Amino acid sequence: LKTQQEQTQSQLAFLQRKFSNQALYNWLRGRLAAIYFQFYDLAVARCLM
Amino acid sequence: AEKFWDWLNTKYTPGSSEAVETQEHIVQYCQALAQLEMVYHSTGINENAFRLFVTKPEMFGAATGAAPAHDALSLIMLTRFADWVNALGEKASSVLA
Amino acid sequence: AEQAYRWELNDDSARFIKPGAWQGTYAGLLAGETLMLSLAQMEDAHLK
Amino acid sequence: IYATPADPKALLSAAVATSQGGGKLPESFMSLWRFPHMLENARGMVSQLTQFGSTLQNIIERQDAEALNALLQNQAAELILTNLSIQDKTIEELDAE
Amino acid sequence: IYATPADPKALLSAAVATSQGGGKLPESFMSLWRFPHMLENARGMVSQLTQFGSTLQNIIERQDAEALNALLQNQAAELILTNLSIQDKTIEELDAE
Amino acid sequence: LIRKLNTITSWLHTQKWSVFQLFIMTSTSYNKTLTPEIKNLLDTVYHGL
């Protein structure tokens with residue numbers, strides 16, 4: 001069980017240290033939702049054009 | 001936040017590791033934003049009542065015109081508010097509205 | 001394309017492609033989505 | 001008289017919805033182009049906007065798959081501490097035996 | 001007096017972030033093409049750059065899914081060695097019985 | 001003062017938190033050291049706004 005505790009901690013340390021972690025997708029979603037809203041105003045502009 | 005953008009727009013160069021004259025006050029503002037992020041996740045309060053606690057603190061028992069507190073007596077009432085909302089169940093939206 | 005925008009219209013102070021589309025800390029992801037927005041801001045400014 | 005503990009209650013969580021206001025249209029602009037060329041221009045923008053929306057939808061799915069994945073490992077790390085204390089009482093029992 | 005072992009401590013891992021510096025723009029070049037033809041040329045490059053970024057994002061997800069998968073099998077191979085030694089003590093107990 | 005300590009200490013057991021975890025959410029003293037996390041926040045808000 002002490003091995004399984006250390007093995008659980010290694011998976012937890014892996015999910016936090018890998019590149020495609022949660023902090024990547026918070027960055028990707030927050031940046032893209034800012035782009036996608038600004039791109040929305042440009043495309044509705046030409047739908048009105 | 002207005003002072004924060006005035007610092008970025010003028011005195012911050014991205015990627016440069018140098019000392020700006022009021023850089024340490026900016027860090028304390030960003031350390032604060034991470035603190036209040038932690039307040040939201042730990043108390044378990046929902047998204048719309050956390051608007052209401054920021055904007056109308058008197059509705060949660062604060063004094064009139066007072067800035068809200070992340071005091072431990074204010075963290076315990078946010079948890080007891082979030083436990084109160086979760087006990088309402090599916091009718092919790094009708095009560096909070 | 002910005003130099004062509006700056007030459008079809010008399011303006012040199014008007015810039016649309018700004019630095020930081022490449023974020024090296026995030027492996028440069030969403031660099032093309034940032035530039036495609038910047039190209040759509042030239043074309044909207046060109047049409048008007 | 002013997003003390004019988006009460007039945008274990010069911011936990012209950014509240015899921016409220018959010019609501020954002022509907023926006024308004026921008027002011028229309030009369031461009032120089034005729035309709036078949038401006039429709040084809042507008043269809044190129046809207047096709048690009050669908051590709052941002054499909055990309056944004058995948059990122060939302062993939063941040064929730066990894067917010068869950070970090071949740072499941074934090075729960076597994078807290079649960080293994082109890083089993084370590086249970087196994088200590090197993091060894092302490094064999095010392096009493 | 002009887003020796004009681006201490007409570008099992010919680011393990012703790014540190015996840016630091018990295019930071020890469022912001023680059024700068026290249027020197028602009030005045031090509032021969034007019035703006036509608038150069039915009040369409042530049043939109044073809046940027047569309048190809050988005051397709052590299054979607055491909056690169058999938059490879060990053062898929063190397064982390066398989067770095068994890070090799071981690072889970074190395075952990076399963078180390079854990080089965082203890083259960084082999086536990087089962088040896090099960091057989092040795094039945095020889096003592 | 002004892003009732004304030006009795007209320008919060010009993011509350012920290014039900015939340016299963018430390019005083020150290022509570023003090024992070026409560027402290028008004030902030031560390032003035034430019035971390036890579038803050039530096040990523042400064043680079044994103046700079047290029048975004």
# chains A, B, ... in the order shown; residues from 1 in each chain; ligands from 1
call {"tool": "residues_around", "arguments": {"residues": "residue 14 of chain C", "least_positions_apart": "2", "cutoff": "12 Å", "atoms": "only C-alpha atoms", "output": "PDB file with N, CA, C and O atoms, in the first residue's frame"}}
result
ATOM      1  N   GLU C   2       0.141  43.498 -44.891  1.00  0.00           N
ATOM      2  CA  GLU C   2       0.026  44.782 -44.221  1.00  0.00           C
ATOM      3  C   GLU C   2       0.755  45.874 -44.989  1.00  0.00           C
ATOM      4  O   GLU C   2       0.287  47.014 -45.043  1.00  0.00           O
ATOM      5  N   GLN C   3       1.885  45.542 -45.614  1.00  0.00           N
ATOM      6  CA  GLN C   3       2.566  46.515 -46.460  1.00  0.00           C
ATOM      7  C   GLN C   3       1.741  46.845 -47.692  1.00  0.00           C
ATOM      8  O   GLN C   3       1.805  47.964 -48.210  1.00  0.00           O
ATOM      9  N   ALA C   4       0.962  45.884 -48.178  1.00  0.00           N
ATOM     10  CA  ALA C   4       0.050  46.165 -49.276  1.00  0.00           C
ATOM     11  C   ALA C   4      -1.135  46.981 -48.796  1.00  0.00           C
ATOM     12  O   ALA C   4      -1.683  47.793 -49.545  1.00  0.00           O
ATOM     13  N   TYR C   5      -1.553  46.768 -47.550  1.00  0.00           N
ATOM     14  CA  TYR C   5      -2.596  47.597 -46.962  1.00  0.00           C
ATOM     15  C   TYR C   5      -2.092  49.012 -46.735  1.00  0.00           C
ATOM     16  O   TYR C   5      -2.823  49.985 -46.933  1.00  0.00           O
ATOM     17  N   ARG C   6      -0.837  49.144 -46.316  1.00  0.00           N
ATOM     18  CA  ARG C   6      -0.269  50.457 -46.057  1.00  0.00           C
ATOM     19  C   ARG C   6       0.068  51.193 -47.337  1.00  0.00           C
ATOM     20  O   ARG C   6       0.472  52.356 -47.290  1.00  0.00           O
ATOM     21  N   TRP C   7      -0.030  50.528 -48.480  1.00  0.00           N
ATOM     22  CA  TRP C   7       0.309  51.199 -49.719  1.00  0.00           C
ATOM     23  C   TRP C   7      -0.927  51.486 -50.546  1.00  0.00           C
ATOM     24  O   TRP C   7      -0.953  52.457 -51.303  1.00  0.00           O
ATOM     25  N   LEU C   9      -3.730  52.283 -49.152  1.00  0.00           N
ATOM     26  CA  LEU C   9      -4.248  53.414 -48.405  1.00  0.00           C
ATOM     27  C   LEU C   9      -3.053  54.173 -47.855  1.00  0.00           C
ATOM     28  O   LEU C   9      -2.062  53.554 -47.472  1.00  0.00           O
ATOM     29  N   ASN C  10      -3.117  55.497 -47.835  1.00  0.00           N
ATOM     30  CA  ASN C  10      -1.998  56.265 -47.295  1.00  0.00           C
ATOM     31  C   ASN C  10      -2.036  56.243 -45.779  1.00  0.00           C
ATOM     32  O   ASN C  10      -2.616  57.136 -45.155  1.00  0.00           O
ATOM     33  N   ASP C  11      -1.386  55.249 -45.187  1.00  0.00           N
ATOM     34  CA  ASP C  11      -1.185  55.210 -43.748  1.00  0.00           C
ATOM     35  C   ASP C  11      -0.014  54.296 -43.453  1.00  0.00           C
ATOM     36  O   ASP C  11       0.121  53.238 -44.060  1.00  0.00           O
ATOM     37  N   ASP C  12       0.841  54.725 -42.540  1.00  0.00           N
ATOM     38  CA  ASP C  12       1.951  53.902 -42.103  1.00  0.00           C
ATOM     39  C   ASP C  12       1.899  53.631 -40.616  1.00  0.00           C
ATOM     40  O   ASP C  12       2.594  52.730 -40.133  1.00  0.00           O
ATOM     41  N   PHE C  16      -1.672  45.978 -37.886  1.00  0.00           N
ATOM     42  CA  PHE C  16      -2.634  44.966 -37.487  1.00  0.00           C
ATOM     43  C   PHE C  16      -1.984  43.695 -36.997  1.00  0.00           C
ATOM     44  O   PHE C  16      -2.570  42.999 -36.169  1.00  0.00           O
ATOM     45  N   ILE C  17      -0.812  43.361 -37.511  1.00  0.00           N
ATOM     46  CA  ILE C  17      -0.089  42.173 -37.098  1.00  0.00           C
ATOM     47  C   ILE C  17       0.798  42.594 -35.946  1.00  0.00           C
ATOM     48  O   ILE C  17       1.741  43.365 -36.132  1.00  0.00           O
ATOM     49  N   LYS C  18       0.477  42.117 -34.758  1.00  0.00           N
ATOM     50  CA  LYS C  18       1.140  42.534 -33.538  1.00  0.00           C
ATOM     51  C   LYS C  18       1.874  41.344 -32.948  1.00  0.00           C
ATOM     52  O   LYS C  18       1.517  40.201 -33.238  1.00  0.00           O
ATOM     53  N   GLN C  41      -8.994  41.499 -39.523  1.00  0.00           N
ATOM     54  CA  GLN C  41      -9.120  42.883 -39.109  1.00  0.00           C
ATOM     55  C   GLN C  41      -8.543  43.823 -40.152  1.00  0.00           C
ATOM     56  O   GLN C  41      -8.920  44.995 -40.204  1.00  0.00           O
ATOM     57  N   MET C  42      -7.623  43.341 -40.988  1.00  0.00           N
ATOM     58  CA  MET C  42      -7.206  44.148 -42.127  1.00  0.00           C
ATOM     59  C   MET C  42      -8.305  44.215 -43.161  1.00  0.00           C
ATOM     60  O   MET C  42      -8.593  45.282 -43.710  1.00  0.00           O
ATOM     61  N   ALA C  45     -11.068  46.377 -42.144  1.00  0.00           N
ATOM     62  CA  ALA C  45     -10.657  47.766 -42.252  1.00  0.00           C
ATOM     63  C   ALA C  45     -10.484  48.181 -43.700  1.00  0.00           C
ATOM     64  O   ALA C  45     -10.634  49.359 -44.026  1.00  0.00           O
ATOM     65  N   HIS C  46     -10.179  47.233 -44.584  1.00  0.00           N
ATOM     66  CA  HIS C  46     -10.059  47.577 -45.989  1.00  0.00           C
ATOM     67  C   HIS C  46     -11.416  47.836 -46.617  1.00  0.00           C
ATOM     68  O   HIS C  46     -11.548  48.713 -47.474  1.00  0.00           O
TER      69      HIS C  46
END
call {"tool": "interface_residues", "arguments": {"of": "chain C", "to": "chain E", "cutoff": "8 Å", "atoms": "only C-alpha atoms", "output": "ChimeraX atom specification"}}
result
/C:1-5,8,18-20,22-25,28-33,35-36,39,43
call {"tool": "write_last_selection", "arguments": {"atoms": "N, CA, C and O atoms", "output": "PDB file, in the first residue's frame"}}
result
ATOM      1  N   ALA C   1       1.108  41.472 -46.428  1.00  0.00           N
ATOM      2  CA  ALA C   1      -0.241  41.943 -46.713  1.00  0.00           C
ATOM      3  C   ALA C   1      -0.509  43.266 -46.026  1.00  0.00           C
ATOM      4  O   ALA C   1      -1.296  44.080 -46.514  1.00  0.00           O
ATOM      5  N   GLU C   2       0.141  43.498 -44.891  1.00  0.00           N
ATOM      6  CA  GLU C   2       0.026  44.782 -44.221  1.00  0.00           C
ATOM      7  C   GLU C   2       0.755  45.874 -44.989  1.00  0.00           C
ATOM      8  O   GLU C   2       0.287  47.014 -45.043  1.00  0.00           O
ATOM      9  N   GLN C   3       1.885  45.542 -45.614  1.00  0.00           N
ATOM     10  CA  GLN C   3       2.566  46.515 -46.460  1.00  0.00           C
ATOM     11  C   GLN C   3       1.741  46.845 -47.692  1.00  0.00           C
ATOM     12  O   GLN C   3       1.805  47.964 -48.210  1.00  0.00           O
ATOM     13  N   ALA C   4       0.962  45.884 -48.178  1.00  0.00           N
ATOM     14  CA  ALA C   4       0.050  46.165 -49.276  1.00  0.00           C
ATOM     15  C   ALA C   4      -1.135  46.981 -48.796  1.00  0.00           C
ATOM     16  O   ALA C   4      -1.683  47.793 -49.545  1.00  0.00           O
ATOM     17  N   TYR C   5      -1.553  46.768 -47.550  1.00  0.00           N
ATOM     18  CA  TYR C   5      -2.596  47.597 -46.962  1.00  0.00           C
ATOM     19  C   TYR C   5      -2.092  49.012 -46.735  1.00  0.00           C
ATOM     20  O   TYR C   5      -2.823  49.985 -46.933  1.00  0.00           O
ATOM     21  N   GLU C   8      -1.959  50.662 -50.425  1.00  0.00           N
ATOM     22  CA  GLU C   8      -3.196  50.969 -51.125  1.00  0.00           C
ATOM     23  C   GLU C   8      -3.921  52.125 -50.453  1.00  0.00           C
ATOM     24  O   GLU C   8      -4.624  52.898 -51.111  1.00  0.00           O
ATOM     25  N   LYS C  18       0.477  42.117 -34.758  1.00  0.00           N
ATOM     26  CA  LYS C  18       1.140  42.534 -33.538  1.00  0.00           C
ATOM     27  C   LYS C  18       1.874  41.344 -32.948  1.00  0.00           C
ATOM     28  O   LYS C  18       1.517  40.201 -33.238  1.00  0.00           O
ATOM     29  N   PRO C  19       2.942  41.571 -32.175  1.00  0.00           N
ATOM     30  CA  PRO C  19       3.741  40.448 -31.687  1.00  0.00           C
ATOM     31  C   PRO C  19       2.987  39.610 -30.673  1.00  0.00           C
ATOM     32  O   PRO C  19       1.989  40.034 -30.092  1.00  0.00           O
ATOM     33  N   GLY C  20       3.475  38.395 -30.475  1.00  0.00           N
ATOM     34  CA  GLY C  20       2.902  37.522 -29.484  1.00  0.00           C
ATOM     35  C   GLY C  20       1.849  36.573 -29.984  1.00  0.00           C
ATOM     36  O   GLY C  20       1.100  36.027 -29.171  1.00  0.00           O
ATOM     37  N   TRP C  22       2.881  33.885 -31.377  1.00  0.00           N
ATOM     38  CA  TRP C  22       3.610  32.715 -30.928  1.00  0.00           C
ATOM     39  C   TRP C  22       3.865  32.851 -29.437  1.00  0.00           C
ATOM     40  O   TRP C  22       4.625  33.722 -29.013  1.00  0.00           O
ATOM     41  N   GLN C  23       3.260  31.981 -28.652  1.00  0.00           N
ATOM     42  CA  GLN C  23       3.587  31.859 -27.242  1.00  0.00           C
ATOM     43  C   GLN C  23       4.432  30.609 -27.085  1.00  0.00           C
ATOM     44  O   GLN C  23       3.933  29.494 -27.244  1.00  0.00           O
ATOM     45  N   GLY C  24       5.716  30.796 -26.793  1.00  0.00           N
ATOM     46  CA  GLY C  24       6.619  29.665 -26.730  1.00  0.00           C
ATOM     47  C   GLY C  24       6.366  28.777 -25.538  1.00  0.00           C
ATOM     48  O   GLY C  24       6.656  27.580 -25.581  1.00  0.00           O
ATOM     49  N   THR C  25       5.810  29.340 -24.473  1.00  0.00           N
ATOM     50  CA  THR C  25       5.475  28.555 -23.295  1.00  0.00           C
ATOM     51  C   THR C  25       4.305  27.622 -23.535  1.00  0.00           C
ATOM     52  O   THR C  25       4.129  26.655 -22.792  1.00  0.00           O
ATOM     53  N   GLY C  28       3.551  27.488 -29.025  1.00  0.00           N
ATOM     54  CA  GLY C  28       3.043  28.188 -30.178  1.00  0.00           C
ATOM     55  C   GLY C  28       1.680  27.752 -30.641  1.00  0.00           C
ATOM     56  O   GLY C  28       1.328  28.014 -31.792  1.00  0.00           O
ATOM     57  N   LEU C  29       0.910  27.076 -29.799  1.00  0.00           N
ATOM     58  CA  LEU C  29      -0.442  26.702 -30.168  1.00  0.00           C
ATOM     59  C   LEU C  29      -1.315  27.943 -30.255  1.00  0.00           C
ATOM     60  O   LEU C  29      -1.036  28.960 -29.613  1.00  0.00           O
ATOM     61  N   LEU C  30      -2.353  27.854 -31.090  1.00  0.00           N
ATOM     62  CA  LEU C  30      -3.235  28.965 -31.445  1.00  0.00           C
ATOM     63  C   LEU C  30      -2.490  30.153 -32.033  1.00  0.00           C
ATOM     64  O   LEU C  30      -2.906  31.295 -31.857  1.00  0.00           O
ATOM     65  N   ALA C  31      -1.382  29.913 -32.735  1.00  0.00           N
ATOM     66  CA  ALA C  31      -0.717  31.011 -33.420  1.00  0.00           C
ATOM     67  C   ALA C  31      -1.445  31.360 -34.701  1.00  0.00           C
ATOM     68  O   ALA C  31      -1.533  32.534 -35.070  1.00  0.00           O
ATOM     69  N   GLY C  32      -1.990  30.357 -35.382  1.00  0.00           N
ATOM     70  CA  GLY C  32      -2.701  30.627 -36.612  1.00  0.00           C
ATOM     71  C   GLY C  32      -4.070  31.208 -36.375  1.00  0.00           C
ATOM     72  O   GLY C  32      -4.553  32.008 -37.174  1.00  0.00           O
ATOM     73  N   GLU C  33      -4.714  30.824 -35.278  1.00  0.00           N
ATOM     74  CA  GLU C  33      -5.987  31.432 -34.922  1.00  0.00           C
ATOM     75  C   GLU C  33      -5.813  32.889 -34.538  1.00  0.00           C
ATOM     76  O   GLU C  33      -6.731  33.691 -34.714  1.00  0.00           O
ATOM     77  N   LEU C  35      -3.426  34.868 -35.890  1.00  0.00           N
ATOM     78  CA  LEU C  35      -3.118  35.575 -37.124  1.00  0.00           C
ATOM     79  C   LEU C  35      -4.325  35.660 -38.038  1.00  0.00           C
ATOM     80  O   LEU C  35      -4.471  36.632 -38.783  1.00  0.00           O
ATOM     81  N   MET C  36      -5.188  34.645 -38.016  1.00  0.00           N
ATOM     82  CA  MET C  36      -6.371  34.663 -38.861  1.00  0.00           C
ATOM     83  C   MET C  36      -7.350  35.730 -38.400  1.00  0.00           C
ATOM     84  O   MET C  36      -8.068  36.318 -39.214  1.00  0.00           O
ATOM     85  N   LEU C  39      -5.731  38.910 -39.804  1.00  0.00           N
ATOM     86  CA  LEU C  39      -6.013  39.093 -41.221  1.00  0.00           C
ATOM     87  C   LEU C  39      -7.447  39.534 -41.436  1.00  0.00           C
ATOM     88  O   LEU C  39      -7.746  40.258 -42.388  1.00  0.00           O
ATOM     89  N   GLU C  43      -8.918  43.075 -43.454  1.00  0.00           N
ATOM     90  CA  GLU C  43      -9.904  43.024 -44.516  1.00  0.00           C
ATOM     91  C   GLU C  43     -11.166  43.772 -44.137  1.00  0.00           C
ATOM     92  O   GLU C  43     -11.784  44.404 -44.997  1.00  0.00           O
TER      93      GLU C  43
END
call {"tool": "closest_atom_pairs", "arguments": {"of": "chain F", "to": "chain B", "cutoff": "7 Å", "atoms": "only C-alpha atoms", "output": "Markdown table"}}
result
| residue | atom | partner | partner_atom | distance |
| --- | --- | --- | --- | --- |
| F:25 | CA | B:35 | CA | 5.6 |
| F:26 | CA | B:70 | CA | 5.6 |
| F:30 | CA | B:28 | CA | 5.2 |
| F:31 | CA | B:28 | CA | 6.1 |
| F:32 | CA | B:24 | CA | 4.9 |
| F:33 | CA | B:27 | CA | 6.5 |
| F:34 | CA | B:27 | CA | 6.2 |
| F:38 | CA | B:30 | CA | 6.5 |
| F:43 | CA | B:14 | CA | 5.6 |
| F:46 | CA | B:8 | CA | 6.2 |
call {"tool": "atom_distance", "arguments": {"atom1": "atom CA of residue 55 of chain D", "atom2": "atom CA of residue 43 of chain A"}}
result
17.0 Å
call {"tool": "interface_residues", "arguments": {"of": "chain B", "to": "chain D", "cutoff": "6 Å", "atoms": "only C-alpha atoms", "output": "PyMOL selection string"}}
result
chain B and resi 86+89+93
call {"tool": "interface_residues", "arguments": {"of": "chain A", "to": "chain D", "cutoff": "8 Å", "atoms": "only C-alpha atoms", "output": "ChimeraX atom specification"}}
result
/A:1-2,4-5,8-9,11-12,15,21-22,25-26,28-29,32-33,36,39-49
call {"tool": "write_last_selection", "arguments": {"atoms": "N, CA, C and O atoms", "output": "mmCIF file, in the first residue's frame"}}
result
data_model
loop_
_atom_site.group_PDB
_atom_site.id
_atom_site.type_symbol
_atom_site.label_atom_id
_atom_site.label_comp_id
_atom_site.auth_asym_id
_atom_site.auth_seq_id
_atom_site.Cartn_x
_atom_site.Cartn_y
_atom_site.Cartn_z
ATOM 1 N N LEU A 1 0.811 -1.208 0.000
ATOM 2 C CA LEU A 1 0.000 0.000 0.000
ATOM 3 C C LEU A 1 0.845 1.258 0.000
ATOM 4 O O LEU A 1 0.407 2.289 -0.517
ATOM 5 N N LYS A 2 2.036 1.219 0.592
ATOM 6 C CA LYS A 2 2.911 2.377 0.494
ATOM 7 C C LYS A 2 3.467 2.527 -0.908
ATOM 8 O O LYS A 2 3.784 3.641 -1.332
ATOM 9 N N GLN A 4 1.602 1.666 -3.586
ATOM 10 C CA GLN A 4 0.445 2.201 -4.293
ATOM 11 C C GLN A 4 0.210 3.665 -3.979
ATOM 12 O O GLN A 4 -0.339 4.389 -4.810
ATOM 13 N N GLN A 5 0.587 4.109 -2.783
ATOM 14 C CA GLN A 5 0.528 5.530 -2.472
ATOM 15 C C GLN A 5 1.538 6.297 -3.303
ATOM 16 O O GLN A 5 1.249 7.378 -3.822
ATOM 17 N N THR A 8 0.339 6.234 -6.910
ATOM 18 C CA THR A 8 -0.719 7.212 -7.143
ATOM 19 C C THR A 8 -0.140 8.610 -7.234
ATOM 20 O O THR A 8 -0.549 9.410 -8.080
ATOM 21 N N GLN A 9 0.863 8.893 -6.413
ATOM 22 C CA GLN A 9 1.511 10.190 -6.437
ATOM 23 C C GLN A 9 2.309 10.405 -7.711
ATOM 24 O O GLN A 9 2.417 11.540 -8.168
ATOM 25 N N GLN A 11 1.408 9.224 -10.668
ATOM 26 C CA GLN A 11 0.433 9.541 -11.703
ATOM 27 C C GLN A 11 -0.086 10.952 -11.524
ATOM 28 O O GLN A 11 -0.383 11.647 -12.497
ATOM 29 N N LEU A 12 -0.233 11.377 -10.274
ATOM 30 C CA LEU A 12 -0.670 12.736 -9.995
ATOM 31 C C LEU A 12 0.405 13.731 -10.376
ATOM 32 O O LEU A 12 0.114 14.814 -10.886
ATOM 33 N N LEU A 15 0.289 13.987 -14.269
ATOM 34 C CA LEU A 15 -0.786 14.790 -14.839
ATOM 35 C C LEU A 15 -0.541 16.270 -14.651
ATOM 36 O O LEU A 15 -1.044 17.084 -15.424
ATOM 37 N N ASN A 21 -1.637 19.337 -19.901
ATOM 38 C CA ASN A 21 -2.311 19.274 -18.619
ATOM 39 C C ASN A 21 -3.506 20.203 -18.657
ATOM 40 O O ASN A 21 -3.849 20.757 -19.700
ATOM 41 N N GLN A 22 -4.148 20.358 -17.505
ATOM 42 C CA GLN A 22 -5.340 21.186 -17.422
ATOM 43 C C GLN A 22 -5.019 22.656 -17.633
ATOM 44 O O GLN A 22 -5.827 23.389 -18.207
ATOM 45 N N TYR A 25 -5.227 23.649 -21.289
ATOM 46 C CA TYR A 25 -6.530 23.812 -21.901
ATOM 47 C C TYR A 25 -7.317 24.948 -21.286
ATOM 48 O O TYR A 25 -8.234 25.463 -21.925
ATOM 49 N N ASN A 26 -6.993 25.352 -20.061
ATOM 50 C CA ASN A 26 -7.523 26.614 -19.573
ATOM 51 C C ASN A 26 -6.946 27.770 -20.358
ATOM 52 O O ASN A 26 -7.641 28.751 -20.628
ATOM 53 N N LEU A 28 -5.839 27.491 -23.518
ATOM 54 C CA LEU A 28 -6.349 27.394 -24.877
ATOM 55 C C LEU A 28 -7.794 27.829 -24.962
ATOM 56 O O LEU A 28 -8.179 28.501 -25.914
ATOM 57 N N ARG A 29 -8.615 27.444 -23.990
ATOM 58 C CA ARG A 29 -10.014 27.833 -24.048
ATOM 59 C C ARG A 29 -10.184 29.316 -23.793
ATOM 60 O O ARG A 29 -10.963 29.976 -24.480
ATOM 61 N N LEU A 32 -8.866 31.186 -26.945
ATOM 62 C CA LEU A 32 -9.660 30.993 -28.148
ATOM 63 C C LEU A 32 -11.052 31.578 -28.016
ATOM 64 O O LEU A 32 -11.567 32.127 -28.989
ATOM 65 N N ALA A 33 -11.656 31.519 -26.829
ATOM 66 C CA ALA A 33 -12.967 32.128 -26.641
ATOM 67 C C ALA A 33 -12.896 33.640 -26.746
ATOM 68 O O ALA A 33 -13.892 34.293 -27.065
ATOM 69 N N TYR A 36 -12.604 33.903 -30.667
ATOM 70 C CA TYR A 36 -13.837 33.497 -31.325
ATOM 71 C C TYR A 36 -14.938 34.525 -31.164
ATOM 72 O O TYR A 36 -15.771 34.679 -32.059
ATOM 73 N N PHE A 39 -13.848 37.361 -33.527
ATOM 74 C CA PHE A 39 -14.046 36.948 -34.902
ATOM 75 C C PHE A 39 -15.525 36.890 -35.236
ATOM 76 O O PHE A 39 -15.900 36.998 -36.403
ATOM 77 N N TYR A 40 -16.372 36.718 -34.220
ATOM 78 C CA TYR A 40 -17.814 36.738 -34.423
ATOM 79 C C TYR A 40 -18.292 38.101 -34.874
ATOM 80 O O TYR A 40 -19.191 38.204 -35.711
ATOM 81 N N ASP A 41 -17.720 39.162 -34.314
ATOM 82 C CA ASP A 41 -18.161 40.500 -34.665
ATOM 83 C C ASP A 41 -17.701 40.871 -36.061
ATOM 84 O O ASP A 41 -18.294 41.734 -36.714
ATOM 85 N N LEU A 42 -16.645 40.223 -36.543
ATOM 86 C CA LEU A 42 -16.157 40.511 -37.882
ATOM 87 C C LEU A 42 -16.992 39.795 -38.926
ATOM 88 O O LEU A 42 -17.172 40.293 -40.039
ATOM 89 N N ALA A 43 -17.508 38.618 -38.587
ATOM 90 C CA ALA A 43 -18.225 37.838 -39.583
ATOM 91 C C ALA A 43 -19.678 38.259 -39.675
ATOM 92 O O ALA A 43 -20.277 38.198 -40.753
ATOM 93 N N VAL A 44 -20.267 38.681 -38.558
ATOM 94 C CA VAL A 44 -21.602 39.271 -38.595
ATOM 95 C C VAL A 44 -21.567 40.596 -39.335
ATOM 96 O O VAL A 44 -22.529 40.971 -40.012
ATOM 97 N N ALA A 45 -20.434 41.292 -39.266
ATOM 98 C CA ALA A 45 -20.253 42.518 -40.030
ATOM 99 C C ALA A 45 -20.359 42.271 -41.526
ATOM 100 O O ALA A 45 -20.994 43.051 -42.236
ATOM 101 N N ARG A 46 -19.805 41.165 -42.020
ATOM 102 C CA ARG A 46 -19.888 40.914 -43.452
ATOM 103 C C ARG A 46 -21.143 40.161 -43.837
ATOM 104 O O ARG A 46 -21.532 40.184 -45.007
ATOM 105 N N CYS A 47 -21.781 39.478 -42.894
ATOM 106 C CA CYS A 47 -23.129 39.006 -43.157
ATOM 107 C C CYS A 47 -24.086 40.173 -43.298
ATOM 108 O O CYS A 47 -25.050 40.096 -44.059
ATOM 109 N N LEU A 48 -23.823 41.265 -42.595
ATOM 110 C CA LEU A 48 -24.612 42.463 -42.796
ATOM 111 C C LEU A 48 -24.163 43.236 -44.024
ATOM 112 O O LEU A 48 -24.972 43.950 -44.614
ATOM 113 N N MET A 49 -22.899 43.106 -44.431
ATOM 114 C CA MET A 49 -22.471 43.716 -45.683
ATOM 115 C C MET A 49 -23.092 43.016 -46.876
ATOM 116 O O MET A 49 -23.411 43.659 -47.881
#
call {"tool": "atom_distance", "arguments": {"atom1": "atom CA of residue 15 of chain C", "atom2": "atom CA of residue 48 of chain C"}}
result
15.8 Å
call {"tool": "interface_residues", "arguments": {"of": "chain E", "to": "chain D", "cutoff": "8 Å", "atoms": "only C-alpha atoms", "output": "PyMOL selection string"}}
result
chain E and resi 7-10
call {"tool": "atom_distance", "arguments": {"atom1": "atom CA of residue 3 of chain E", "atom2": "atom CA of residue 86 of chain D"}}
result
16.8 Å
call {"tool": "closest_atom_pairs", "arguments": {"of": "chain F", "to": "chain C", "cutoff": "9 Å", "atoms": "only C-alpha atoms", "output": "CSV"}}
result
residue,atom,partner,partner_atom,distance
F:40,CA,C:25,CA,8.1
F:43,CA,C:20,CA,8.4
F:44,CA,C:20,CA,8.7
F:47,CA,C:20,CA,6.1
F:48,CA,C:20,CA,9.0
call {"tool": "select_by_dssp", "arguments": {"residues": "chain C", "states": "alpha helix (DSSP H)", "output": "mmCIF file with C-alpha atoms, in the first residue's frame"}}
result
data_model
loop_
_atom_site.group_PDB
_atom_site.id
_atom_site.type_symbol
_atom_site.label_atom_id
_atom_site.label_comp_id
_atom_site.auth_asym_id
_atom_site.auth_seq_id
_atom_site.Cartn_x
_atom_site.Cartn_y
_atom_site.Cartn_z
ATOM 1 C CA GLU C 2 0.026 44.782 -44.221
ATOM 2 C CA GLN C 3 2.566 46.515 -46.460
ATOM 3 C CA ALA C 4 0.050 46.165 -49.276
ATOM 4 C CA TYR C 5 -2.596 47.597 -46.962
ATOM 5 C CA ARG C 6 -0.269 50.457 -46.057
ATOM 6 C CA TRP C 7 0.309 51.199 -49.719
ATOM 7 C CA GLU C 8 -3.196 50.969 -51.125
ATOM 8 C CA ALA C 31 -0.717 31.011 -33.420
ATOM 9 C CA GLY C 32 -2.701 30.627 -36.612
ATOM 10 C CA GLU C 33 -5.987 31.432 -34.922
ATOM 11 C CA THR C 34 -4.396 34.646 -33.675
ATOM 12 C CA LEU C 35 -3.118 35.575 -37.124
ATOM 13 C CA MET C 36 -6.371 34.663 -38.861
ATOM 14 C CA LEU C 37 -8.120 37.147 -36.598
ATOM 15 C CA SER C 38 -5.481 39.707 -37.512
ATOM 16 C CA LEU C 39 -6.013 39.093 -41.221
ATOM 17 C CA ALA C 40 -9.742 39.505 -40.704
ATOM 18 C CA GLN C 41 -9.120 42.883 -39.109
ATOM 19 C CA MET C 42 -7.206 44.148 -42.127
ATOM 20 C CA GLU C 43 -9.904 43.024 -44.516
ATOM 21 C CA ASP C 44 -12.666 44.559 -42.421
ATOM 22 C CA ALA C 45 -10.657 47.766 -42.252
ATOM 23 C CA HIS C 46 -10.059 47.577 -45.989
ATOM 24 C CA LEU C 47 -13.742 47.193 -46.834
#
call {"tool": "closest_atom_pairs", "arguments": {"of": "chain F", "to": "chain E", "cutoff": "7 Å", "atoms": "only C-alpha atoms", "output": "tab-separated table"}}
result
residue	atom	partner	partner_atom	distance
F:36	CA	E:19	CA	5.3
F:37	CA	E:17	CA	5.8
F:39	CA	E:19	CA	6.9
F:40	CA	E:19	CA	6.3
